[PDB]
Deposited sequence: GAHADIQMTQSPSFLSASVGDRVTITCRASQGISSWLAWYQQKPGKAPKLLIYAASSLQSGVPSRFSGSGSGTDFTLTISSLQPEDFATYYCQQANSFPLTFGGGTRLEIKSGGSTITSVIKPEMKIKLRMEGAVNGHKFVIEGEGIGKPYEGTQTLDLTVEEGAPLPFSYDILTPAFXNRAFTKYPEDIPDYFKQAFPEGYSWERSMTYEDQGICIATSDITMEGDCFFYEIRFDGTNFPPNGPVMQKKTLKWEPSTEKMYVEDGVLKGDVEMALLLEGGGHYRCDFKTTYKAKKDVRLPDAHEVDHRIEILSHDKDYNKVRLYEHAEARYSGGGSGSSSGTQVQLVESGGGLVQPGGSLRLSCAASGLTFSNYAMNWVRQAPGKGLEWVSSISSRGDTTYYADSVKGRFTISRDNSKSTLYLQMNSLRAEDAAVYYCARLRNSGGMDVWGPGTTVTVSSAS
């Protein structure tokens, strides 16, 4: 029927920015949409996340640096201080009337990439360290030289016992004391450790083993030029004389996942560790580390660091040791978005020839699916969001985009909490990632699935 033809355009379509910059992006509607305007953030490979609805109202869990205003035809989104998390593509969406419409999007590029951090922390950094300490009262000194690739999370060290040779305890208890600057950090997680330099940082650690042996270590990490310098203090006591440590029955650390979190203004790490033993058992240990940058740096959100550490070679007494570590940071949970606790997973994407048919379906969980209206939104490769179809909570009244009207059919089964999209007479332009999303009365789509991909191709 006769409907309004609301064109949403955003400006700029792309810009380059730096962390700390204030960014404002705007959008214009071809006709009045009152204040029924929402904003979405889309990071590469992920589903759009709802930031703002009704032009100014922040979605739950959105940091306060995001704001919005406007009523009528012209609206703005503002980020007061751009953070690494914020570099995404941003879309606006009108909800004054069907068909719903998105803007073309605004892409936020990182200006000059990481050229600033790579001037401080070089792509290769050498290591010089000295460790002094005691285990069960046995004093020793170890020195080390090495080299690593801080942006790839890898490093290698050559260690030589200078005092206290031969060590009477398992060398494996020392190796995690021999620098998180050697961690691969993805672009959207603030890197606490690299940002700490050239001044550096320090860490304190406790290691509580399951037979009540306890180690305490500290390390002060500085840099000049292309070389890190560590000053390490290591102490351990109460290792039983027939335990795996004093009997040297450990083989290697198992790979681990350290949980990083912020507390008392610094970064803390907790990791459950396990030594493999001769004979096949394990020897367990809880690590608790406090990391302290020597200057104000940007604190990160909770995340995880995966570790693998191994002795590549050694002499009989471990007077000479070559030591390797690989470390990489990531978020834990595992493309979909939400603002509460409900999940959507789409399925049914695949390859069809032109004119073929495909049936998509989404599963809902963690809510009352029959209580909300549902939408399909698609995104062609390289293109922006496009609203496809909508269905009321009971399923009686449905709406469609003109581009699919007559070939697509939306439906739902509320007892199974699933939503369907039946696609007939598929065209090349129908090929896209198809998202399922929940529509709220405020006009925003607050929960999205990861999408499923439709491909339309012939011989």
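S.K.: For this chain, which runs of the deposited sequence have no C-alpha coordinates, given in order from the N-terminus?
M.R.: In the chain as deposited, 179, 336-337, 463 carry no coordinates.
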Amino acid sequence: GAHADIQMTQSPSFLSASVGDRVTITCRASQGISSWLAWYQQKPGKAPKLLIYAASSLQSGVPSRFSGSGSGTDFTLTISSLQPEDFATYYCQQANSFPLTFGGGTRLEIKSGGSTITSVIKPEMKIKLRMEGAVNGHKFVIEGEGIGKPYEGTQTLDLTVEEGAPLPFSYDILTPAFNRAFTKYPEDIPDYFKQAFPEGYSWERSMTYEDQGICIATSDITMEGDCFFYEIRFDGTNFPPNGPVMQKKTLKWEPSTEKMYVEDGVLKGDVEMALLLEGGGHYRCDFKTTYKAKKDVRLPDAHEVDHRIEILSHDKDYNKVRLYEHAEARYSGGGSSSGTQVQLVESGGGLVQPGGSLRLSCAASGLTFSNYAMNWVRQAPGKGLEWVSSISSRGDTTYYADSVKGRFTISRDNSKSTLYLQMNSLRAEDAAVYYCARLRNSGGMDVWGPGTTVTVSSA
From here on, numbers count along this sequence of modelled residues.
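S.K.: Can you tell me whether 167-175 has a higher mean C-alpha B factor than 366-374 in this record, or the other way round?
M.R.: Mean C-alpha B-factor is greater for 366-374.
S.K.: If you average the CA temperature factors over each stretch, which comes out higher, 350-358 or 258-266?
M.R.: Here the higher of the two C-alpha B-factor means belongs to 350-358.
S.K.: By the entry's C-alpha temperature factors, tell me which of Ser57, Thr26, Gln41, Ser390 sits highest.
M.R.: Among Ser57, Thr26, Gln41, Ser390, the PDB entry lists the largest C-alpha B-factor for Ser390.
S.K.: At the C-alpha atoms, which of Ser34, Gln31, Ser69, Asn424 reaches the highest B-factor in this entry?
M.R.: Highest C-alpha B-factor among the listed residues goes to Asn424.
S.K.: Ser442's Cα B-factor: lowest, middle or highest third of the chain?
M.R.: Highest third of the chain for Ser442's C-alpha B-factor.
S.K.: Considering every modelled residue of the chain and its Cα B-factor in the PDB entry, is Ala47 in the lowest, middle or highest third?
M.R.: Middle third by C-alpha B-factor.
S.K.: Could you say whether, by C-alpha temperature factor, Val433 belongs to the lowest, middle or highest third of its chain?
M.R.: Its C-alpha B-factor belongs to the lowest third of this chain's values.
S.K.: Comparing against every modelled residue in the chain, figure out the third that the C-alpha B-factor of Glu145 lands in (lowest, middle or highest).
M.R.: According to the entry, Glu145 has a C-alpha B-factor in the chain's middle third.
S.K.: Within this chain's modelled residues, let me know which third the CA B factor of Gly279 belongs to: lowest, middle or highest.
M.R.: Its C-alpha B-factor, which the entry lists for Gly279, ranks in the middle third among residues of this chain.
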